[PDB]
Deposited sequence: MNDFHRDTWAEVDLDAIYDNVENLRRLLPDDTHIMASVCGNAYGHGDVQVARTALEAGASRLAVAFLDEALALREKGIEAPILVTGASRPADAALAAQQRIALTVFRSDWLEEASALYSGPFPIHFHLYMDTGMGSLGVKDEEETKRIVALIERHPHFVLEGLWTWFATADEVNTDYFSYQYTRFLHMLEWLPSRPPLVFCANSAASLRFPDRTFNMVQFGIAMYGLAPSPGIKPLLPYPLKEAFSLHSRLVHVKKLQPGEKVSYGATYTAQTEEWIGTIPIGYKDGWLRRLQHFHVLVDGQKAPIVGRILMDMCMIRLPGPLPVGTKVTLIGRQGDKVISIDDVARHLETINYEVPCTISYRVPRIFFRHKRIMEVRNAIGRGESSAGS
């Protein structure tokens, strides 16, 4: 709850709430919302985001692998959770005991699972259909359906796919004896389909969606450089004029990658360039003018008229926006805001 370096992320849970609420309003009353919270909720904080999305109308959670579902259960989350990635047949008992749903991709994964597991908890499976470009034919599907019907503790909960592929999907749906409780697709189509995946869009990333993630630091040293003065930590920055250099305590170990050398952060309402090499723990910006140590630096977020968004950082790095909050390391504290006030602080490094 306390932290001891002037570098932190802010997570606006009101933003999460609002994004989910707008969708919960728009969709029909009988279609479920699934909240994607893999990768520690894309660097925002798994349990804080899950709790908020659930309060706001989400009724189910999606994670990428079993450990992520286990961590949510451990932190007291009770809503249904789907593992959308690969899992070991041997971990079936664990998932069932923890009331975690598993995705199956291959009939012989299920053959192994069936041989290895006898009870006492039911396991819920979702079938991932290969819709074009997972399970791919009628024979494989029928096999799967037989395994589920023949095993006393197996249950076919859902069918899904990732997007002609649609008409393929319609066909594959007909291969089943009956329609499963839940049918949806993963990417977001945000038809029927009685569940939708609010993936990255819950975080404000691509009506109108609110962005949820800010990253900040403070100047920790300020220095006037004379024309010709050098700073060398690896590379060598040579001052062309009289200018001011500030240091901030964030580096590539924090996920503030060497490749953001150049990028323009916000100090005192002005864009300022990250200058010289990004080092493991500190980096230098050329300041808009002289400034006192302790001045806030905004790496992502709003300062005055200006705003830097995740999209901006993604462009400089040449990646998609997803990767940016995900790369911000666990050693960066997150301050969670809810109801315009401060709800909690997670410093993963006690």
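Enquirer: Which bits of the deposited sequence have no atoms placed for their C-alpha?
Expert: Gaps in the modelled chain, taken against the deposited sequence, lie at 1, 135 to 137, 168 to 179, 205 to 207, 210 to 212, 229 to 238, 383 to 390.
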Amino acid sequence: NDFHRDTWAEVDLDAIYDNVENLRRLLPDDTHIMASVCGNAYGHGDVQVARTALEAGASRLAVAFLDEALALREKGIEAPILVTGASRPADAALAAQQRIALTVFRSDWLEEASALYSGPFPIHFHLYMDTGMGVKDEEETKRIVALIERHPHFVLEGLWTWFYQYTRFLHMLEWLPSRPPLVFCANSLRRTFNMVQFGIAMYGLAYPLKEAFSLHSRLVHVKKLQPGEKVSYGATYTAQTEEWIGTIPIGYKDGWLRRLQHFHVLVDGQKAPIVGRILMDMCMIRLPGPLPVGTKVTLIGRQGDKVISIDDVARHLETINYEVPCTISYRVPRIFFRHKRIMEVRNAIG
From here on, numbers count along this sequence of modelled residues.
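Enquirer: Going by the average Cα B-factor in the PDB entry, point out whether 15 to 23 or 329 to 337 comes out higher.
Expert: Stretch with the greater average CA B-factor: 15 to 23.
Enquirer: Higher average CA B factor in the deposited record is what I'm after, so tell me if that's 262 to 270 or 171 to 179.
Expert: According to the PDB entry, the answer is 171 to 179.
Enquirer: Based on what the PDB entry reports, which of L205, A239, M129, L257 has the top C-alpha B-factor?
Expert: Answer for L205, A239, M129, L257: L205, with the highest C-alpha B-factor.
Enquirer: Between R218, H124, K136, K253, which carries the biggest CA temperature factor in the record?
Expert: The listed residue with the largest C-alpha B-factor is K136.
Enquirer: In terms of the CA temperature factor given in the entry, to which third of its chain does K75 belong: lowest, middle or highest?
Expert: Middle third of the chain for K75's C-alpha B-factor.
Enquirer: How does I320 rank on Cα B-factor within its chain, lowest, middle or highest third?
Expert: Top third by C-alpha B-factor.
Enquirer: Tell me, lowest, middle or highest third: where does the Cα B factor of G289 rank within its chain?
Expert: CA B-factor rank for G289: middle third.
Enquirer: If you rank the chain by CA B-factor, which third does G39 end up in: lowest, middle or highest?
Expert: Its C-alpha B-factor, which the entry lists for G39, ranks in the lowest third among residues of this chain.
Enquirer: Determine, from the deposited record, the chain-internal third of the Cα B-factor for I245: lowest, middle or highest.
Expert: Its C-alpha B-factor, which the entry lists for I245, ranks in the middle third among residues of this chain.
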